[PDB]
Each structure stands twice: as structure tokens, then as C-alpha cells.
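Shown below, as C-alpha cells, is a lone chain in the form deposited in one PDB entry; questions about how it binds or moves come after it.
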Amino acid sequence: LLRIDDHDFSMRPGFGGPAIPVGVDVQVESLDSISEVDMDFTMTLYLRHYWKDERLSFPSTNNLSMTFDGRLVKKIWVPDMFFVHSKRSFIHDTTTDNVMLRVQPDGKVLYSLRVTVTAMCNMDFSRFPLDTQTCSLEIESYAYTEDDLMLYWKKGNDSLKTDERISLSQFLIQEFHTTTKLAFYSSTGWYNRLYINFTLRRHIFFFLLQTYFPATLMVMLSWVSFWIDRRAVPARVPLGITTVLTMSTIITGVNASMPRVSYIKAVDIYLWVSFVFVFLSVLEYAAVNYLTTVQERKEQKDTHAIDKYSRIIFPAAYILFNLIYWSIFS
């Protein structure tokens, strides 16, 4: 039917003349996974192209598009859009190459693909786990410049669609929108680009329950030593060192759960402040015991004031620190 053998398809339509417009339509299917260590995300989507080529015109009276088996792609001219800043990608081939080709009698062509793309996304972990991340996906032509191929969205803001089943266990996805920008390369010239933007928000309940509660509980447990009688040395001494050991074990367990190795985080600040409080509580009893021993030795030849002042100083200081910490990071 088509006069494929009568023309050479190694050259774009309108070779040597003005640029050929190409439209893009995208439908996002699902998001597979997000890796924070490698800073990338995986997305599966449908890609569509629109253009006109008079060399594919065939005589017909129905004036309706006809579907071909997709094996003609290797013989006709096809746009070569590629994903920028991508690490790995492939096209599904079960049970065959997922390629759709529709040609109208007047020469309008529709081309579709189903691809999986992995792209990088820089993340900021300063406000972890309260941080908010933004990522984007870029589409650009490889060989043809702006003077030979024009790339634009088919229907503007209506060219992007999202499946209702898109969801993530640890993140909340919202605010899908599209924008365009012009890029420049030193050795080749100017190219057009297409962007797909979205915003990710992290759930806070799990991190709070797993991290902040044990530290506060351990601090309150360490606060108990201020009320036991100072004469019970074999009871006062082991409590502080056991609290230190338990805090060390908690810190060791928390670190192995989530690897970041980037910079300081608010969770580390909280944990180290709690550790410093525990250390000061441990030193306080040693100071009290030394003073009591010196006083008894001097007397030889009532509750101590240090404990009474500590019982007021420590809780107020911890409350002030909590208020400052939850006001700085909101």
C-alpha cells in the first residue's frame, strides 16, 4: 500500500528547508522506586509523537486512520528523542515490541512507545526527615537542532496525564505540571527541551515514633537518679553507666537503619544533645559523692544542694531546648 520502496527515508521530510514541527503527548503510568543513596527515581510512561509526512500518503476514501503492525518503523523516518541526565532505560518487548503506528490518508502519522526511564535528582537532606524534595524529567532531540526540528507540547498544559493508581509508601506526590526551556551546546548549537515537574513530601509519623520517643524516654529515665538517696552508691553508680550504654546502643541501631553520609541532620543534633545531657547527669553524681566524702572527712577530723538545684535545672533546660529545636525547624 505505502510507497516505502519508492523513497529514501535516510533524510527528514523537507530536507534542506524549514524545520518540521513535532508534537509530544505524555501519560505517566506509575513510579517504581526512589533511591536516596544514588539520588534517582524510576518512572514508566507512554510517549507519543505527532508529525506530517507526504511520502506516506496513500489513496483512500474513508478518510480515517489505519493501524499497521509496527514493523514499518525500521523503514520510515522516526524522531529520535532521548531523555537527558538518565542513567538507564529500555523498551518493553513482551510479547513483542510495544510500538504503535497509525497513518492517515493525508500523511499524518501517530507514533507511540512504552519506556521505563531512570533519571537523577539532587536532594537536600539538611531538614531530614522534614525535608521536601523536587525532581524533574527532561526530553530533548539528539541530532536535529532547533533550525531543523521544533519540539512543543501538543495541547499545552493538557498534554500531561497521570494514572489514578500512582502512589508511594513513603512519599506523597502532588503538583504535576509541564514547562519548556531552550538549551545551548557549545559544539552543536541550540536545542529545545521539555520538562515534567513534581513535588515529594515525606511522612513524619514513622521517623518520630522510631527516633524521638526513645531518646526522650531515656533522658527521663536518667532524670530518676536525682531523687535516690546519695548513700546508695552501688545503686546510683550503675544507673548512669547503664543509661549511657543504652543510649549508645540506640544511637548505633538508628544509624544503621538509614544511610545518608552527606552532612549534619537535625536527628543527629537531637541525639547528641540527649547524649550530652546524659553525660552531665552522670558527672553530677560523681561530683556530689566527692563533695560528700570530703565533707565527711573534714567532719571526722539533709539533701545536698546540688541535687536540689539539678532537679530544677535539668527539666527546664530540656524543655527550653525542645522549644528551640521545634521552633527553628517548625
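Each residue number is its position in the shown sequence, starting from 1. Take the two forms, find the largest set of C-alpha atoms that superpose within 1.5 Å, and that set is the rigid core. Shifts are known only where both forms have a C-alpha.
Keep in mind the form deposited in another entry is missing from the figure; the text below concerns it.
- In the core-aligned comparison between the shown form and the other one, the C-alpha of 262 is the only one from 27, 289, 262, 42 that shifts by 2 Å or more.
- In the core-superposed comparison between the shown form and the other one, residue 188 has its Cα shifted by less than 2 Å.
- Relative to the superposed core, residue 156 undergoes a Cα shift smaller than 2 Å between the shown form and the other one.
- Relative to the superposed core, residue 179 shifts its CA atom by less than 2 Å between the shown form and the other one.
- Cα-Cα spacing of residue 257 to residue 122 is reduced in that other deposited form versus the present form (difference of at least 3 Å).
- Between this form and the other one, the CA-CA gap for residue 40 and residue 262 widens by 3 Å or more, being larger in that other deposited form.
- Considering only residues present in both forms and aligning them on the rigid core, one finds just one run of three or more residues with C-alpha shifts of 2 angstroms or more between the shown form and the other one, namely 248-263.
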